[PDB]
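Reading through the structure tokens given below for one structure.
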Amino acid sequence: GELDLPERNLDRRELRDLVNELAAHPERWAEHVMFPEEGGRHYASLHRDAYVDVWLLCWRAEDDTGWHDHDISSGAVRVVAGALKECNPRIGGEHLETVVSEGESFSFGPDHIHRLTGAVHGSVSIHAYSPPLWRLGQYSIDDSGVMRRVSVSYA
Amino acid sequence: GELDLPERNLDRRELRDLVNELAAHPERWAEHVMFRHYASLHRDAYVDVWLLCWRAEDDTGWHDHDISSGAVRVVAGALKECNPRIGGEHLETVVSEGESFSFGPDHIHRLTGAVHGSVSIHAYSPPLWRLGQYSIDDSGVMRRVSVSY
Ligand SMILES: [Mg+2]
Ligand SMILES: [Mn+2]
Ligand SMILES: [Mn+2]
Numbered sequence: 021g022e023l024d025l026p027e028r029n030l031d032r033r034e035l036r037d038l039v040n041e042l043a044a045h046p047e048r049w050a051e052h053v054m055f056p057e058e059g060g061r062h063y064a065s066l067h068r069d070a071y072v073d074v075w076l077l078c079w080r081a082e083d084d085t086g087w088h089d090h091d092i093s094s095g096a097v098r099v100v101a102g103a104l105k106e107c108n109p110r111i112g113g114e115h116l117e118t119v120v121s122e123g124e125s126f127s128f129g130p131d132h133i134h135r136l137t138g139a140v141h142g143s144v145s146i147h148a149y150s151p152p153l154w155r156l157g158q159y160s161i162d163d164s165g166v167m168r169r170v171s172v173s174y175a
Numbered sequence: 021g022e023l024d025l026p027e028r029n030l031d032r033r034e035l036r037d038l039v040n041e042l043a044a045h046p047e048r049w050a051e052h053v054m055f061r062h063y064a065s066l067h068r069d070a071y072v073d074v075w076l077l078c079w080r081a082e083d084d085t086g087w088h089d090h091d092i093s094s095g096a097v098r099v100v101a102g103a104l105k106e107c108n109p110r111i112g113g114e115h116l117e118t119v120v121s122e123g124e125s126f127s128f129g130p131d132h133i134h135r136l137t138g139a140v141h142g143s144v145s146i147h148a149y150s151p152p153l154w155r156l157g158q159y160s161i162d163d164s165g166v167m168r169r170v171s172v173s174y
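Here the protein sequences come in this chain order: A and B. In short: position in the first sequence from 1, add 20, done, that's PDB author numbering. All letters in the second sequence, in the order written, are residues 21 to 55, 61 to 174 by PDB author numbering.
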């Protein structure tokens with residue numbers, strides 16, 4: 021669908037404001053809540069234009085974004101219901117893990133590498149990106165431990 | 021100078037052939053050696074080709090090439106090609122004069138430890154309009170800065 025947002029990029033603080041205010045306006049997203057039986061994680065587009073993408077994510081316990089960056093996009097997350105783990109990678113291999121629970125939010129600039137997983141079944145969250153999430157990088161590790169980054173189109 | 025190439029992005033094997041073919045035609049690059062000093066050999070919608078001359082201290086840092094495949098031919102001297110491992114015990118390979126290698130677009134690497142006065146030819150396809158430069162804070166938490174060439 022469409023939100024009534026400005027015709028410019030939003031910075032990470034404005035993205036955080038956006039996801040929190042959307043959480044306070046269930047009229048904008050309640051209809052799109054859905055938890056898939058199988059397939060991938062359920063993601064509903066609330067808004068996609070030249071400046072901002074907004075998605076509503078409904079989580080099963082097994083859902084896992086994998087390690088990824090957002091190329092040039094800043095981002096923010098608000099947990100509406102439930103809880104998620106925000107993970108940040110450490111070269112040593114002892115990664116940073118933070119539980120983000122309902123009511124809480126965070127933002128990040130474009131250099132962010134993270135992984136969201138460990139969700140309470142039935143969790144609901146709102147995610148916003150500016151500039152739009154037209155590209156993301158997905159990291160993988162081979163047999164040997166060697167790390168790669170696959171650039172993915174997500175427009 | 022213009023290059024007779026397919027009118028499309030080239031894969032890592034084709035890029036390796038290209039840098040080795042160019043290394044065999046000194047007429048095309050000899051004049052541009054200089055002591061990283063870099064000379065553009067050809068850039069168009071599909072490929073970026075460079076000649077690089079190395080000082081012993083030169084270091085690319087850890088980086089990816091976003092969507093670009095790449096290849097390297099060492100013409101003289103030697104380079105160290107490093108690939109990152111989770112755990113910190115990175116893979117390091119000396120690439121000596123006469124040797125070349127290539128990689129697809131998911132490659133993360135670092136080039137460094139060059140014998141002083143090394144000369145190499147590098148090719149990318151699609152052109153290297155963007156790259157990712159990795160950094161580590163004192164924590165060890167890694168980030169990727171996306172940079173427009
Ligand atoms: Mg209000
Ligand atoms: Mn993300
Ligand atoms: Mn490189």
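C-beta atoms are modelled at their ideal positions from N, C-alpha and C, and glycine is treated no differently.
Option in the options with minimal Cα separation from residue i
i: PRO151/B; options: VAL140/B, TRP79/B, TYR174/B and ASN108/B; result: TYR174/B
i: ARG68/A; options: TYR149/A, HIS88/A and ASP163/A; result: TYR149/A
i: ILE111/B; options: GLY95/A, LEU35/A, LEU25/A and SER160/A; result: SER160/A
i: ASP131/A; options: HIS90/A, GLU27/A, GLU41/A and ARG48/A; result: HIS90/A
i: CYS78/A; options: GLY138/A, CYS107/A, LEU25/A and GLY21/A; result: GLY138/A
i: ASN40/B; options: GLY113/B, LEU136/B, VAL170/B and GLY123/B; result: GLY123/B
i: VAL119/A; options: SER125/A, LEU104/A and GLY60/A; result: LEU104/A
i: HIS45/A; options: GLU27/A, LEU23/A, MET167/A and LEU116/A; result: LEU23/A
i: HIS52/B; options: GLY21/B, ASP162/B and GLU117/B; result: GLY21/B
i: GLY165/B; options: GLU114/A, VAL140/A, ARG61/A and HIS141/A; result: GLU114/A
i: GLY102/B; options: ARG28/B, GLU117/B, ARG80/B and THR85/B; result: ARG80/B
i: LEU136/B; options: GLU47/B, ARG48/B, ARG36/B and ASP83/B; result: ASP83/B
i: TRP49/B; options: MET167/B, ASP163/B, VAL144/B and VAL170/B; result: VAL144/B
i: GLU34/A; options: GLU117/A, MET167/A and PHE126/A; result: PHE126/A
i: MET54/B; options: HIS141/B, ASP163/B, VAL170/B and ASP162/B; result: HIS141/B
Residues near residue i in its chain [Cβ-Cβ closer than 7 Å; skip 5 each side]
i: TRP75/A; result: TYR63, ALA64, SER65, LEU66 and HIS147
i: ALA43/A; result: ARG98, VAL100 and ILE146
i: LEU156/A; result: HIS88, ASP89, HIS90, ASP91, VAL172 and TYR174
i: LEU116/A; result: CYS107, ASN108 and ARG110
i: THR85/A; result: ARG135, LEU136 and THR137
Chain-ordered neighbours of residue i on chain A, where CB pairs are closer than 9 Å
i: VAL166/B; result: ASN108, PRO109, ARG110, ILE111, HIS115, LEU116 and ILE133
i: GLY86/B; result: Near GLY86/B there are no residues of chain A at all, since even the closest Cβ is about 14 Å away, more than 9 Å.
Contacts of residue i in chain B (Cβ-Cβ under 7 Å)
i: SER171/A; result: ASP91, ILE92 and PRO130
Nonlocal neighbours in the same chain, by C-beta distance under 8 Å from residue i, ignoring five residues either side
i: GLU58/A; result: none
i: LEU30/A; result: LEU38, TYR71, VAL72, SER94, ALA148 and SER150
i: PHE128/B; result: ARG32, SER94, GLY95, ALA96 and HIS134
i: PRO26/A; result: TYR71
i: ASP162/A; result: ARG168
Chain B contact residues for residue i, given Cβ-Cβ distances below 8 Å
i: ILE146/A; result: The contacting residues do not exist; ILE146/A stays about 24 Å from chain B at best.
9 Å Cβ cut-off: residues of chain B touching residue i
i: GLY60/A; result: Chain B residues near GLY60/A: none, gap ~21 Å exceeds 9 Å.
Own chain, CB closer than 6 Å to residue i, minus 5 neighbours either side, in chain order
i: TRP154/B; result: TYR174
i: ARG168/B; result: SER160
Interface partners of residue i on chain A, CB under 8 Å
i: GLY21/B; result: Those do not exist, as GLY21/B stays about 30 Å from chain A at its closest Cβ, beyond 8 Å.
- Cβ-based contacts, 7 Å cut-off: residues of the region 91-117 of chain B near chain A: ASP91, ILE92, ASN108, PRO109, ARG110, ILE111, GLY112, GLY113 and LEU116
- Task: Identify each residue in the region 122-143 of chain A for which the Cβ-Cβ distance to at least one residue of chain B is less than 8 Å, and report them in chain order.
- Result: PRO130, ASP131, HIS132 and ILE133
- Task: Give the residues from the region 32-50 of chain B that approach chain A closer than 8 Å (Cβ to any Cβ), ordered along the chain.
- Result: none
- Residues proximal to ligand 3 by C-beta, any heavy atom closer than 7 Å: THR85/B, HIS88/B, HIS90/B, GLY95/B, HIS134/B and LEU136/B
- Query: Quick one, what's near ligand 1 if you take every residue whose CB is closer than 6 Å to any heavy atom, in chain order?
  - Reply: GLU41/A and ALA44/A
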